[PDB]
Amino acid sequence: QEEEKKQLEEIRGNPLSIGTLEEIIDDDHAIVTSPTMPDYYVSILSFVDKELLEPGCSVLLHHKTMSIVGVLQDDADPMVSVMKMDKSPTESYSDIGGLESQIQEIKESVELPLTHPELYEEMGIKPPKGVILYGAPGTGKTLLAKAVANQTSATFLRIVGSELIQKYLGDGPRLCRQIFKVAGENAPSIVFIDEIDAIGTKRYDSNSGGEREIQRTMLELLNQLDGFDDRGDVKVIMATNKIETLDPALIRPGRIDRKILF
Amino acid sequence: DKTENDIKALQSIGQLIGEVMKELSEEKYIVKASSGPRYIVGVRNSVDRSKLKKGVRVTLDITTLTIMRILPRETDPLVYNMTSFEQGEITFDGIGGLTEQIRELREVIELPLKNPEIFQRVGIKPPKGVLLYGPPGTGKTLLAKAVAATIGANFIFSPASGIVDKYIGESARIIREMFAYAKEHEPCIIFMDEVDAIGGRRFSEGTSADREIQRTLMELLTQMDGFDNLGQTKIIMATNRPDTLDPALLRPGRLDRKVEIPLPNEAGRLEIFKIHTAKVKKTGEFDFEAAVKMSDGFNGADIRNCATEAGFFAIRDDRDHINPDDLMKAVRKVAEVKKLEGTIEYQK
Amino acid sequence: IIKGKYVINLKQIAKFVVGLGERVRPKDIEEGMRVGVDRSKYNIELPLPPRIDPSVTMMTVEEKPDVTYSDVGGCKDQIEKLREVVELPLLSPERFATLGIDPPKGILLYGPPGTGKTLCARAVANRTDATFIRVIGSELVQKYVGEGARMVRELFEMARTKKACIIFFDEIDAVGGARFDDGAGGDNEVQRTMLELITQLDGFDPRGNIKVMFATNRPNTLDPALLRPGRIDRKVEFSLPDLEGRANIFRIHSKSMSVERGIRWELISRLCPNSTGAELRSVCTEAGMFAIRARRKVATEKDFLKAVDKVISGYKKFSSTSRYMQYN
Amino acid sequence: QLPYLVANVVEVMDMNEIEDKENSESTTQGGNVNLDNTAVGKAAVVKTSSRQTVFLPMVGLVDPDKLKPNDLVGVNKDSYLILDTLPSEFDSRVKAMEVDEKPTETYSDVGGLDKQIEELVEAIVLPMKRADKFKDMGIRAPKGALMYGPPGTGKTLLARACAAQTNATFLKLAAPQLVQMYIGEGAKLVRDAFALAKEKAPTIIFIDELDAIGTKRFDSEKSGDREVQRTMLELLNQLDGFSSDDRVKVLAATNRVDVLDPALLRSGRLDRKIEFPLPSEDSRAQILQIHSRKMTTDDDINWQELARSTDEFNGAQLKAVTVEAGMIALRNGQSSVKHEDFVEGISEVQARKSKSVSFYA
Amino acid sequence: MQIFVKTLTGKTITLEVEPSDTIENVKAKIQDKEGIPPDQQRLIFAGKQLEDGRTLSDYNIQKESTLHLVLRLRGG
Amino acid sequence: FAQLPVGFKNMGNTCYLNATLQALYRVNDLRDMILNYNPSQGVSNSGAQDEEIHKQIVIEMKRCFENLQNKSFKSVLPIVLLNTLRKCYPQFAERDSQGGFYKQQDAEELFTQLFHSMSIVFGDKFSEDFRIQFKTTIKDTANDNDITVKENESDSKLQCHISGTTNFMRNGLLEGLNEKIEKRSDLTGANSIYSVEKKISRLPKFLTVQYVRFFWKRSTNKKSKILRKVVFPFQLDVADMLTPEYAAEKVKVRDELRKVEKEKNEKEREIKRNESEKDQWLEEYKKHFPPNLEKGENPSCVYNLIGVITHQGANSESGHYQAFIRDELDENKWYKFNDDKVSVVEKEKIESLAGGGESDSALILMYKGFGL
Amino acid sequence: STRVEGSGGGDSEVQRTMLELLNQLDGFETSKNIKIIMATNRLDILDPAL
Ligand SMILES: Nc1ncnc2c1ncn2[C@@H]1O[C@H](COP(=O)(O)OP(=O)(O)OP(=O)(O)O)[C@@H](O)[C@H]1O
Ligand SMILES: Nc1ncnc2c1ncn2[C@@H]1O[C@H](COP(=O)(O)OP(=O)(O)OP(=O)(O)O)[C@@H](O)[C@H]1O
Ligand SMILES: Nc1ncnc2c1ncn2[C@@H]1O[C@H](COP(=O)(O)OP(=O)(O)OP(=O)(O)O)[C@@H](O)[C@H]1O
Ligand SMILES: Nc1ncnc2c1ncn2[C@@H]1O[C@H](COP(=O)(O)OP(=O)(O)OP(=O)(O)O)[C@@H](O)[C@H]1O
Ligand SMILES: [Mg+2]
Ligand SMILES: [Mg+2]
Ligand SMILES: [Mg+2]
Ligand SMILES: [Mg+2]
């Protein structure tokens with residue numbers, strides 16, 4: 001430790017001057033734009049692993065001539081706070097007890113493949129993908145999802161259906177696009193979209209909510225969920241009870257496999 | 001010596017402009033620099049205290065920050081393009097048929113301009129403010145170039161959207177500083193030209209752009225009416241539809257007379273036909289009257305496209321004259337291409 | 001470029017006179033080219049590629065998946081037409097010069113949702129060994145308009161810098177559908193990026209080795225200014241699988257499935273009507289769930305019967321069973 | 001020599017020539033006889049891109065006639081002195097307007113729609129060359145030419161072809177480019193498109209598409225289309241005389257003419273209105289042959305047979321029939337492009353696959 | 001004997017040099033017009049480098065030939 | 001897949017030799033000829049007594065290669081070859097003035113001089129392997145009033161002339177075999193400008209392409225290096241720089257070879273989820289090779305990229321040569337030779353060696369006929 | 001001025017988010033402290049999903 005840090009601090013500050021990684025160049029350089037507004041065509045010291053850093057990373061630049069001293073993994077935005085949990089859903093299995101025939105279509109295709117890939121190596125083919133929950137209000141639909149994600153301890157994102165709709169346009173689909181990038185970044189992933197009947201009954205103004213917004217968000221979500229992306233295994237859990245606010249490219253199966261009636 | 005002069009300027013240094021914001025004591029002044037932030041500064045003895053008033057431009061030093069001298073008023077780079085607009089000038093009667101509107105314009109503008117004193121007897125608020133509105137192509141602006149030339153008073157003029165910046169309230173400061181310049185100037189005519197997006201209403205379910213509209217609009221209201229009331233500087237406002245405008249820009253007592261300049265009449269087209277045929281060569285053409293009346297649809301700009309199109313039928317025949325054989329195929333053709341879309345407007 | 005110094009705008013906003021330093025030709029320096037200049041006194045050190053405005057187009061360049069050509073969204077000549085329009089003139093321009101034709105660059109991929117229209121293009125993406133840049137049509141919309149005009153434009157010219165690349169315009173059913181004026185709506189601000197997508201395809205210079213794919217769920221509403229046959233040229237409909245085409249897909253799906261012999265894939269096609277090959281992709285997984293309740297390492301014929309029955313009932317329960325989303 | 005800041009000139013204001021006993025200054029100072037007290041000579045205030053202004057006694061090598069009150073000058077960045085004068089700067093986007101050595105296609109690689117080629121040459125090209133015959137006759141030259149009609153009629157092609165042929169400067173502009181999220185910076189693309197244009201006159205300002213600025217609306221209630229139209233209102237300001245619209249022209253192509261503002265209907269803006277028709281029987285035959293010029297074909301085909309079997313086609317579709325012939329040709333395995341393959345590219349690709357549903361017709 | 005020399009930028013210039021002249025003479029005549037010293041110059045013909053102590057006709061180079069100029073580099 | 005290859009360590013100031021060697025032994029016939037040297041190998045006389053120093057270079061490569069194949073080793077010594085190079089060409093024994101030792105220079109030159117030695121010893125049958133023959137037509141602009149055809153123009157490696165029109169190697173090669181040769185002697189007048197086109201009439205079996213990467217600034221009167229992204233593809237097709245005659249035959253054979261290549265590209269991936277498989281594909285390919293095969297002939301006009309010498313840092317007079325070579329059994333698995341520091345690298349690392357910036361970029365690119 | 005023909009209050013849209021969190025707030029760290037005291041002019045001008 002002692003002799004390694006001597007030469008660690010040689011090329012480190014005093015100020016460590018956060019940058020934003022615009023693009024890499026492959027010669028051990030990158031073009032950063034700083035929050036303080038001057039660009040730098042930075043080097044890269046080459047102990048932080050040259051290509052382990054990608055656009056959107058936050059970079060530590062040296063107090064003198066800028067080299068990428070190092071790279072910060074994680075920079076807490078308040079925008080992934082909304083998705084991420086701050087509380088534990090202490091009611092799990094058998095506090096939503098009953099519907100023990102409609103919990104074998106979410107713990108034989110959502111919880112169980114993640115817990116055991118063993119059973120799904122045996123059949124081969126690709127494991128279950130997605131579910132849609134629907135039925136009459138007060139059948140525990142909202143809590144079921146929170147109760148299987150408590151037990152697996154996979155990365156629980158939860159997003160409300162009424163925050164996808166903003167009174168601002170175009171940044172709605174960017175929010176939805178974020179949610180699945182976090183899911184793909186975190187290998188075991190369960191995304192609860194709570195309420196996606198709240199996309200066809202809810203609108204604000206007519207110039208940034210309205211129909212155009214509703215079409216855009218729906219389409220973004222197809223690319224995210226599977227589309228062309230080929231991203232990490234995301235289980236999707238959708239609460240809805242109005243099942244014609246959803247695309248005819250989403251309520252076909254092979255994205256959402258078995259459908260659950262309550 | 002031409003290079004010796006270059007050495008004595010090069011060895012001098014610059015100076016930083018401010019204005020006297022506020023007297024603190026008598027040997028210390030608050031200035032607001034043109035770099036921005038206010039400073040507290042001292043003075044050279046060469047400047048006298050009683051020539052230091054507030055709103056007077058001063059030099060400062062750039063290494064001592066001390067007034068050496070009073071400087072003339074600062075003026076916008078933009079408004080020096082605006083006195084370089086008067087081109088496109090024409091005679092007193094340079095829109096034919098809308099001649100009745102020229103007379104109506106000068107009542108408000110030129111009659112109090114020469115003598116404000118004939119209105120003292122009358123006892124009214126000095127006539128200020130004009131709105132022009134019509135279907136485009138009737139020379140609302142062509143008239144402005146005529147009333148700049150004929151009177152010969154200081155003239156400005158504004159680009160449409162090139163006095164819209166990227167800073168909210170910096171696009172207010174500019175238009176503020178052209179009014180000041182225009183009040184220092186004797187009998188100045190101020191044309192706001194094609195204000196339609198720089199006069200919008202409250203919106204703000206739009207983008208952030210509509211708050212630039214709104215900041216900039218408020219500046220006009222204070223200027224027109226506050227402790228500035230204009231009696232020698234005159235406002236002329238040109239718009240293409242007068243319900244694009246917010247109703248404090250449709251408020252008379254800032255806009256006393258709201259003048260409509262219409263589409264040329266049946267025989268207002270004819271009055272342009274007699275002036276634009278002396279702007280061309282001909283073997284002789286005085287047979288306008290029936291044909292133009294009954295190939296109506298035109299606006300004032302389309303009379304000069306009938307002239308140009310008669311010079312295309314000429315080019316086919318190989319002539320350097322306008323023959324009425326050339327023209328009456330022209331008025332038939334210019335009319336037909338203009339059937340493309342209406343110009344339907346409902347005016348107050 | 002001032003003919004013999006240059007006027008640069010720093011990223012500090014501050015404008016300066018710079019010249020050529022110690023390793024640059026004048027030939028090197030273009031107009032609109034970025035340059036690195038020395039922080040202390042401004043002089044061109046190193047030329048740099050054009051424009052640091054693209055940084056959110058560096059999230060839409062992605063690396064190709066591994067999907068064998070052999071796996072297809074259905075066995076038809078239909079993927080072979082795609083192989084004449086996109087694939088073959090990239091490997092051998094020898095034949096398209098003898099014909100003397102200029103290869104068709106455009107294609108539409110259209111038909112009912114879920115047939116694997118993108119599946120046959122992911123197969124092609126492993127195959128061509130030409131860079132794929134993929135686009136989202138509802139990621140081209142932002143609060144301030146004219147921001148999205150900029151984004152679209154820079155992506156396309158970056159493909160013009162490249163040679164042998166494919167820009168796959170996905171999900172242009174929102175932005176790329178037919179323009180129409182409202183008169184009160186904010187529909188105009190969206191119609192702006194539609195117009196930018198038209199004027200880049202044709203350019204003022206024709207496409208510099210850009211094969212263009214349009215992924216549309218719908219052929220029904222698309223712009224006649226993007227549907228014109230001069231930039232989408234030959235367009236091959238990949239339609240619903242048949243009684244045989246569904247057996248073919250299901251033979252791949254049950255090949256990848258550890259199964260026991262005695263199965264009929266011809267039967268399964270009988271049982272299903274004209275329906276997606278994503279339906280058939282979920283026969284196997286729901287048959288894998290009936291295998292697991294019983295505790296098997298294999299699937300048989302029987303569990304495919306139940307699986308098929310389940311998917312069919314849900315189709316009635318919803319809409320889109322053979323639907324194009326009506327019309328032609 | 002470099003480096004040195006580049007600034008704009010606020011004004012020239014000028015303090016009196018130094019021969020006076022009493023300072024040299026317009027704005028007179030206290031104290032009796034001055035010359036170099038705080039009296040300095042000729043004065044220029046320049047405004048920097050370092051966001052300030054400075055009053056200097058400027059260099060006398062460069063005249064107050066070589067100083068405009070909006071001229072782009074060098075200022076020395078070590079200490080602000082007007083160093084020298086520099087060309088006026090336009091945006092890099094506006095510097096992308098001029099040609100790359102733009103290929104010509106003359107009027108002779110555009111077959112069909114003959115009457116349109118003649119109507120464009122008349123509107124734009126000849127008033128530039130024969131401006132002398134315009135002054136002697138006494139007419140004005142038009143202020144632009146509109147092109148309108150269905151997509152696929154060669155509008156975009158013609159403009160490139162005709163601009164290059166007399167080598168009138170083909171300025172390359174996209175309508176959506178003017179629409180930028182930066183306000184009062186999109187408008188400088190409109191302004192410098194004319195600042196450039198008069199230096200590079202005779203010239204053609206080709207805006208491809210007119211619909212991104214050209215809106216029907218200009219009373220827009222509660223939308224952000226009031227920022228968009230500000231590149232449209234600033235456009236009409238420069239199609240009103242300050243002269244320099246008599247050699248500076250405009251071409252415009254658009255696919256739909258019904259979304260344009262009524263201030264683009266009127267003359268003095270777009271004056272000449274050429275409609276580009278969907279080709280007739282003879283016309284279609286020409287267009288097909290202009291593609292077949294490039295490619296190997298069978299000699300047993302007749303361009304009149306081909307003209308029978310197309311009904312209401314335009315040139316983009318006839319691009320889609322000559323190329324489609326060679327798809328069918330390669331698939332057979334034949335070197336040449338069969339005369340049956342020209343007939344079969346019409347039906348294979350129309351612009352649509354069969355004629356739609358029929359269930360009672 | 002007339003030969004042609006292809007420069008770094010794909011530009012062919014002429015040179016008149018004898019069949020009894022060393023490569024030091026070739027590089028000398030080229031050093032005048034490019035401002036490039038002999039010790040960086042590399043003259044290639046037939047893929048073989050043309051060393052300074054051997055003459056032009058030791059590589060069997062006679063007229064109507066084109067030599068290819070490239071520049072060296074150092075280090076290690 | 002591969003063993004764990006060994007490298008050369010430095011003696012200090014030694015990487016300019018080490019890096020380049022790795023690449024030369026990738027070339028199949030090159031490694032064979034030195035391995036199989038006898039004292040029964042001849043020479044080619046036309047005037048040189050440097051033919052016996054040529055022999056000495058060949059033993060040192062044989063044994064340097066011998067260490068490379070052996071694994072009793074972590075260091076290949078370059079040491080006797082270095083003395084032997086300095087003896088053979090004494091411009092490497094010049095002192096560096098206020099620098100380091102006996103002078104260090106240059107991957108380009110290096111290959112030229114080592115290839116000179118090898119073509120004498122191993123005969124002309126080996127000379128032809130890299131030797132490229134053109135058909136050059138020196139022909140007037142306007143009507144020809146004089147013509148000369150030179151097939152005595154030759155190279156042994158192509159020159160990609162970077163004009164700043166290089167965005168791809170193919171472009172500058174294709175308009176670097178087009179040049180305008182100015183005259184000075186009355187043939188139709190003195191300084192009449194001729195359009196000259198070289199088209200290839202004989203491809204080599206091993207293609208070498210050298211980048212011109214240098215500029216002499218006349219605007220400072222000082223040499224520099226320029227770099228810049230010039231993309232080279234993995235699969236280089238050079239069909240368009242041939243004469244029609246040679247092309248039709250190579251392109252017809254290529255299409256059959258593409259079918260076997262396609263079956264390989266599917267099959268290789270399957271069995272994963274090497275030397276023996278390689279030998280079966282070679283046997284299949286040779287049936288489709290034309291029966292006109294000889295030394296120095298490619299039975300395709302398609303090549304794959306098997307080696308890159310890279311150069312880093314600032315302006316010319318500066319270099320730290322590492323080299324990258326592609327495996328002899330694999331085609332996405334490449335070894336990085338950082339003197340005696342050896343590592344596995346991927347296809348992505350190879351692409352970035354097209355330059356831009358102020359570090360590693362291609363100077364020499366080594367191919368071999370068709371793929372593997 | 002359109003957000004109460006939009007969804008009956010755009011405030012009621014945000015309120016639904018609040019209240020939906022609230023479905024698990026009696027157990028996370030032991031026992032609500034954050035009471036959401038909602039208020040409105042009449043209880044009938046709330047959607048029946050509240
Ligand atoms: N099987 C059950 N056992 C225990 N509690 C249940 C069960 N089903 C529902 N509840 C309770 O009913 C209430 C509402 O159900 P939940 O919020 O879980 O989803 P829902 O069906 O979408 O209904 P809503 O959103 O209208 O309240 C919760 O307090 C939940 O604990
Ligand atoms: N009334 C007219 N008589 C003669 N020429 C005219 C007339 N109106 C317009 N023109 C011609 O058209 C040019 C441009 O028209 P102008 O800008 O004057 O119209 P405007 O009515 O103010 O339109 P807008 O309301 O769109 O600004 C003139 O400079 C002139 O050449
Ligand atoms: N024929 C098929 N074979 C196997 N799987 C398929 C098939 N068709 C669809 N799928 C499954 O569906 C997934 C997503 O479908 P894809 O994105 O390919 O849709 P599409 O045909 O473009 O339709 P949409 O209009 O819904 O976008 C595929 O990744 C695959 O798992
Ligand atoms: N009359 C014609 N003669 C020759 N070829 C034609 C003709 N019209 C169109 N083409 C061919 O079709 C191509 C595409 O049409 P082009 O883009 O020129 O037309 P447009 O009417 O301006 O439509 P858009 O604005 O949608 O691009 C042309 O580049 C050309 O190859
Ligand atoms: Mg609930
Ligand atoms: Mg006007
Ligand atoms: Mg899709
Ligand atoms: Mg176009």
# chains A, B, ... in the order shown; residues from 1 in each chain; ligands from 1
>>> residues_near_ligand(ligand="ligand 6", cutoff="8 Å", atoms="only C-alpha atoms and all ligand atoms", output="list in words")
residues 136, 137, 139, 140, 141, 142, 193 and 194 of chain B; 236, 237 and 240 of chain D
>>> write_last_selection(atoms="C-alpha atoms", output="compact mmCIF listing (two decimals), in the first residue's frame")
# COMPACT_ATOMS: atom_id res chain seq x y z
CA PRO B 136 -48.68 41.72 -47.57
CA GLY B 137 -47.52 43.40 -50.76
CA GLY B 139 -45.95 48.65 -49.26
CA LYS B 140 -46.42 49.25 -45.58
CA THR B 141 -42.61 49.20 -45.58
CA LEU B 142 -42.27 50.87 -48.98
CA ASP B 193 -40.66 46.49 -39.13
CA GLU B 194 -42.68 43.26 -39.42
CA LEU D 236 -39.04 38.31 -45.82
CA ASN D 237 -37.09 41.29 -44.43
CA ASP D 240 -37.63 43.45 -49.37
>>> residues_near_ligand(ligand="ligand 4", cutoff="6 Å", atoms="only C-alpha atoms and all ligand atoms", output="list in words")
residues 225 and 230 of chain C; 110, 111, 112, 113, 151, 152, 153, 154, 155, 156, 157, 255, 287, 315, 316 and 319 of chain D
>>> residues_around(residues="residue 339 of chain F", least_positions_apart="6", cutoff="12 Å", atoms="only C-alpha atoms", output="number ranges by chain")
E: 76; F: 5-22, 74-78, 320-324
>>> select_by_dssp(residues="segment 138-272 of chain C", states="alpha helix (DSSP H)", output="JSON, numbers by chain")
{"C": [147, 148, 149, 150, 151, 152, 153, 154, 155, 156, 157, 158, 159, 160, 161, 187, 188, 189, 190, 191, 192, 193, 194, 195, 196, 197, 198, 199, 200, 201, 202, 224, 225, 226, 227, 245, 246, 247, 248, 249, 250, 251, 252, 253, 266, 267, 268, 269, 270, 271]}
>>> residues_near_ligand(ligand="ligand 7", cutoff="8 Å", atoms="only C-alpha atoms and all ligand atoms", output="PyMOL selection string")
(chain A and resi 222-223+227-228) or (chain C and resi 117-118+170-171+215-217)
>>> residues_around(residues="residue 213 of chain B", least_positions_apart="2", cutoff="12 Å", atoms="only C-alpha atoms", output="ChimeraX atom specification")
/B:161,163-172,195-204,206-211,215-220,245-246 /D:183,224,226-227,230
>>> write_last_selection(atoms="C-alpha atoms", output="short mmCIF file (atom, residue, chain, number, x, y, z; two decimals), in the first residue's frame")
data_model
loop_
_atom_site.label_atom_id
_atom_site.label_comp_id
_atom_site.auth_asym_id
_atom_site.auth_seq_id
_atom_site.Cartn_x
_atom_site.Cartn_y
_atom_site.Cartn_z
CA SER B 161 -35.55 38.96 -35.56
CA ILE B 163 -32.68 42.26 -32.55
CA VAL B 164 -33.71 39.04 -30.82
CA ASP B 165 -30.65 37.72 -28.94
CA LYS B 166 -29.79 34.65 -26.83
CA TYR B 167 -30.04 36.58 -23.56
CA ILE B 168 -33.35 37.52 -21.95
CA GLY B 169 -33.26 41.21 -21.07
CA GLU B 170 -30.24 41.78 -23.27
CA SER B 171 -32.63 41.85 -26.13
CA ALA B 172 -34.51 44.41 -24.00
CA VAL B 195 -43.30 42.84 -35.71
CA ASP B 196 -45.29 39.60 -35.51
CA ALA B 197 -43.22 37.35 -33.21
CA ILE B 198 -41.66 40.18 -31.26
CA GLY B 199 -45.13 41.26 -30.17
CA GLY B 200 -46.77 37.93 -29.18
CA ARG B 201 -48.98 37.45 -26.11
CA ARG B 202 -48.37 35.72 -22.73
CA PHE B 203 -48.18 32.09 -23.95
CA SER B 204 -45.61 30.24 -21.80
CA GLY B 206 -44.51 26.97 -25.22
CA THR B 207 -40.74 26.97 -24.87
CA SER B 208 -38.41 29.36 -23.07
CA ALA B 209 -38.42 31.53 -26.21
CA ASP B 210 -41.83 33.03 -25.38
CA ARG B 211 -40.45 34.56 -22.21
CA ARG B 215 -39.54 40.43 -21.36
CA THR B 216 -38.94 42.53 -24.45
CA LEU B 217 -42.59 43.64 -24.77
CA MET B 218 -42.75 45.06 -21.28
CA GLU B 219 -39.86 47.39 -22.22
CA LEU B 220 -41.98 48.93 -24.98
CA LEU B 245 -50.31 41.61 -31.26
CA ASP B 246 -50.90 41.69 -27.52
CA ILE D 183 -32.37 31.85 -30.25
CA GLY D 224 -43.39 27.39 -29.52
CA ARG D 226 -43.25 31.65 -32.50
CA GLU D 227 -39.50 30.81 -32.24
CA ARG D 230 -38.55 34.04 -36.59
#
>>> residues_around(residues="segment 176-185 of chain A", least_positions_apart="2", cutoff="12 Å", atoms="only C-alpha atoms", output="ChimeraX atom specification")
/A:73-74,77,79-84,154-166,170-174,187-193,216-227,229-236 /C:59,136,138-139
>>> select_by_dssp(residues="segment 167-252 of chain D", states="strand (DSSP E)", output="PyMOL selection string")
chain D and resi 169-174+203-208+248-252
>>> closest_atom_pairs(of="chain G", to="ligand 1", cutoff="8 Å", atoms="only C-alpha atoms and all ligand atoms", output="CSV")
residue,atom,partner,partner_atom_place_in_ligand_line,distance
G:20,CA,ligand 1,25 (O),7.3
G:23,CA,ligand 1,29 (O),6.0
G:24,CA,ligand 1,29 (O),7.7
G:49,CA,ligand 1,26 (O),7.0
>>> write_last_selection(atoms="N, CA, C and O atoms", output="PDB file, in the first residue's frame")
ATOM      1  N   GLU G  20     -49.727   6.259  -4.127  1.00  0.00           N
ATOM      2  CA  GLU G  20     -49.307   4.925  -4.554  1.00  0.00           C
ATOM      3  C   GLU G  20     -48.046   4.455  -3.836  1.00  0.00           C
ATOM      4  O   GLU G  20     -47.958   3.277  -3.480  1.00  0.00           O
ATOM      5  N   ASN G  23     -49.162   3.173  -0.274  1.00  0.00           N
ATOM      6  CA  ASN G  23     -49.622   1.776  -0.095  1.00  0.00           C
ATOM      7  C   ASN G  23     -48.665   0.854   0.635  1.00  0.00           C
ATOM      8  O   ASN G  23     -49.130  -0.071   1.312  1.00  0.00           O
ATOM      9  N   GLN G  24     -47.360   1.077   0.566  1.00  0.00           N
ATOM     10  CA  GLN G  24     -46.470   0.470   1.552  1.00  0.00           C
ATOM     11  C   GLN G  24     -45.779   1.678   2.184  1.00  0.00           C
ATOM     12  O   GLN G  24     -44.922   2.303   1.550  1.00  0.00           O
ATOM     13  N   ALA G  49     -60.302   6.988  -8.477  1.00  0.00           N
ATOM     14  CA  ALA G  49     -59.077   6.243  -8.288  1.00  0.00           C
ATOM     15  C   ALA G  49     -58.298   6.819  -7.127  1.00  0.00           C
ATOM     16  O   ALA G  49     -57.204   6.344  -6.829  1.00  0.00           O
TER      17      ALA G  49
END
>>> residues_around(residues="residue 349 of chain F", least_positions_apart="6", cutoff="10 Å", atoms="only C-alpha atoms", output="VMD selection string")
(chain A and resid 26 51) or (chain F and resid 324 334 336)
>>> interface_residues(of="chain G", to="chain B", cutoff="12 Å", atoms="only C-alpha atoms", output="count of residues only")
3
>>> decode(residues="segment 290-296 of chain C", atoms="N, CA, C and O atoms", output="CSV table (one decimal), in the first residue's frame")
chain,number,residue,atom,x,y,z
C,290,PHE,N,-44.5,-26.3,-18.5
C,290,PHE,CA,-45.2,-27.5,-18.2
C,290,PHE,C,-44.3,-28.7,-18.0
C,290,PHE,O,-44.6,-29.6,-17.3
C,291,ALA,N,-43.1,-28.6,-18.6
C,291,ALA,CA,-42.0,-29.6,-18.4
C,291,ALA,C,-41.5,-29.5,-17.0
C,291,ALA,O,-41.3,-30.6,-16.3
C,292,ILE,N,-41.4,-28.3,-16.4
C,292,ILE,CA,-40.8,-28.1,-15.1
C,292,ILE,C,-41.7,-28.5,-14.0
C,292,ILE,O,-41.3,-29.0,-12.9
C,293,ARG,N,-43.0,-28.3,-14.2
C,293,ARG,CA,-44.0,-28.8,-13.1
C,293,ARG,C,-43.9,-30.3,-12.9
C,293,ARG,O,-44.0,-30.8,-11.8
C,294,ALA,N,-43.8,-31.0,-14.0
C,294,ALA,CA,-43.7,-32.4,-14.0
C,294,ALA,C,-42.3,-32.9,-13.6
C,294,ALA,O,-42.2,-34.1,-13.2
C,295,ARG,N,-41.3,-32.0,-13.7
C,295,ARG,CA,-39.9,-32.3,-13.6
C,295,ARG,C,-39.3,-33.2,-14.7
C,295,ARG,O,-39.2,-34.4,-14.6
C,296,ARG,N,-38.9,-32.5,-15.7
C,296,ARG,CA,-38.3,-33.1,-16.9
C,296,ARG,C,-37.1,-32.3,-17.2
C,296,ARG,O,-36.9,-31.2,-16.8
